[PDB]
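**Q** Okay, handing you the structure first.
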Number of protein chains: 2
Amino acid sequence: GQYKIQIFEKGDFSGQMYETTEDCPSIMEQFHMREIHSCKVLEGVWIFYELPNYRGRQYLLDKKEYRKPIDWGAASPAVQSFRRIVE
Amino acid sequence: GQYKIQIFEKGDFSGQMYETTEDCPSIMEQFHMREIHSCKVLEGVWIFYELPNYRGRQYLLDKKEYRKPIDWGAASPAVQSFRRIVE
């Protein structure tokens with residue numbers, strides 16, 4: 001399909017993994033996770049937000065894989081919501 | 001084409017305006033201005049960056065109009081480069 005991403009609880013794609021194809025207003029409520037330590041964008045372009053409901057700091061994810069938060073330009077693994085860039 | 005945006009030096013679509021369809025690594029050099037106070041996204045989806053060469057804070061622009069910087073989630077008129085999200 002057009003949108004798909006895998007997010008991991010630990011860096012270097014380790015720990016538990018969750019896969020999704022839709023926007024997520026709160027990763028704590030949906031995935032019971034406080035942070036994202038690494039991920040892989042398999043399809044589409046996405047954006048990470050610091051706070052719930054797409055508020056706070058924004059990070060564009062337009063590459064393929066990210067082993068650590070620094071790879072998507074963040075000084076911390078803090079992420080609470082994310083969504084697809086629809087086009 | 002797929003990407004087109006108009007940037008304004010003053011809020012609410014007033015003041016000097018430039019229309020462009022390509023990425024801009026530095027507005028001071030390309031457009032002889034230092035702050036964008038409003039803008040219209042006519043075609044495509046873009047992203048504004050705090051510092052030149054796409055560095056610093058990021059702001060997604062996926063709606064059509066923004067009357068003030070706060071509308072793209074910025075606390076100040078600080079934006080010095082921007083580019084198209086090519087999908």
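Quick note on naming: the chains in the structure tokens go A, B, ... in the order shown, residues restart at 1 in each chain, and ligands are numbered from 1 in order of appearance.
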Within 8 Å of chain A, which residues of chain B show up when using only C-alpha atoms, listed as a PyMOL selection string?
**A** chain B and resi 44-45+57-60+87
**Q** Neighbours of segment 27-32 of chain A within 7 Å (only C-alpha atoms; same-chain residues fewer than 2 positions away dropped), as a VMD selection string?
**A** chain A and resid 24 to 25 34 80 to 81
**Q** Using only C-alpha atoms, which protein or nucleic acid residues come within 7 Å of residue 67 of chain A? Drop anything in the same chain fewer than 4 positions from it, and give the result as a list in words.
**A**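 Neighbouring residues, sequence-local ones excluded: residues 11, 12, 13, 38, 39 and 71 of chain A.
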**Q** Report, in Å with one decimal, the straight-line distance from atom CA of residue 23 of chain A to atom CA of residue 51 of chain A.
**A**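 Between atom CA of residue 23 of chain A and atom CA of residue 51 of chain A the gap works out to 14.0 Å.
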**Q** Please give the complete set of residues from segment 10-78 of chain B that DSSP, run on the backbone, assigns to alpha helix (DSSP H), formatted as a PyMOL selection string.
**A** chain B and resi 27-31
